[PDB]
Every structure is written in structure tokens, then in C-alpha cells.
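Note sheet for the following structure.
Numbering (the working numbering), first residue to last: 568 to 666.
Set out below in C-alpha cells:
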């Protein structure tokens with residue numbers, strides 16, 4: 568089939584950072600976008616990564632991915648408030664997704 572470690576290896580060489588977080592696969596990178604080459608396979612083998620990587624996170628019982636996803640519940644009011652008062656562009660080209 569395919570090894571999760573191999574799919575992740577390809578991500579890092581492409582400059583994309585994906586791993587299992589909260590039982591889901593997610594990617595992050597600000598370069599050009601995501602090359603369909605790996606992306607096409609990622610969605611197609613999403614479960615393969617979540618299944619193997621889930622195990623990998625448990626083998627270490629530490630480290631691995633963890634940050635982000637802090638807030639989730641929300642509405643446009645979040646945007647409307649920063650529209651009223653804010654500063655900086657704060658990472659204006661970061662494209663992310665969930666495999």
C-alpha cells in the first residue's frame with residue numbers, strides 16, 4: 568500500500584507540514600499552494616495517515632503535532648470586531664487544510 572511516514576516525507580521535502588492532530592490529518596505551509604501530486608494521494612489515503620500517524624503519536628506519548636485549533640466555536644462577529652480595531656497583516660499568505 569503506502570506508509571504514512573512516506574507520505575509525510577514527501578510533504579516535508581515539498582515544504583508542507585502535515586501530521587495527526589485531534590485524530591485528523593491537517594497540513595500547513597505558506598509557499599505557492601499544495602502540489603496536486605501529493606495532495607491527490609493525501610485525500611485518497613487520508614485514513615492511512617490518520618491510522619499510522621495516530622499510532623506514532625502514542626508510541627512517543629509526547630512531542631509530535633499539537634498546536635493550533637485553540638478556538639473553534641465562532642461567527643462573523645470575530646471578523647467584524649477586528650475590522651473595527653486591529654494592527655498588522657498577521658501571516659497573510661498561509662494556506663492550510665485538512666486531508
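Heads up, the beta-carbon is just placed ideally off N, CA and C, and yes, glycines get one too.
Straight-line Cα distance separating residue 638 from residue 648: Position 81 of the chain shown holds residue 648. Position 71 of the chain shown holds residue 638. Cα to Cα, the separation comes out at about 16 Å.
What ranges does the beta strand (DSSP E) occupy inside the stretch 606-662, keeping only unbroken runs of at least 3 residues that lie completely in it? The stretch 606-662 is shown to contain no whole beta strand (DSSP E) run of 3 or more residues.
Give the C-beta separation of residue 615 and residue 569 to the nearest angstrom, bearing in mind that I take them to be a contact with Cβ-Cβ under 8 Å. Taking the first residue of the chain shown as 1, we reach residue 615 at position 48. Taking the first residue of the chain shown as 1, we reach residue 569 at position 2. Contact holds; Cβ gap of about 6 Å.
Within the same chain, show all residues whose beta-carbon is closer than 6 Å to that of residue 577, passing over the 5 residues directly before and after it, in chain order. As a first step, residue 577 is located in the chain shown; it is residue number 10 there, counting from the start. Here the set comprises 605.
Going by DSSP, name the residue or residues bridged to residue 593. As a working mapping, residue 593 is identified with position 26 in the chain shown. Partner(s): 586, 665.
According to DSSP, is residue 599 part of a helix, a strand, or is it coil? In the chain shown, counting from the first residue as 1, residue 599 sits at position 32. Residue 599 falls in the coil class under three-state DSSP.
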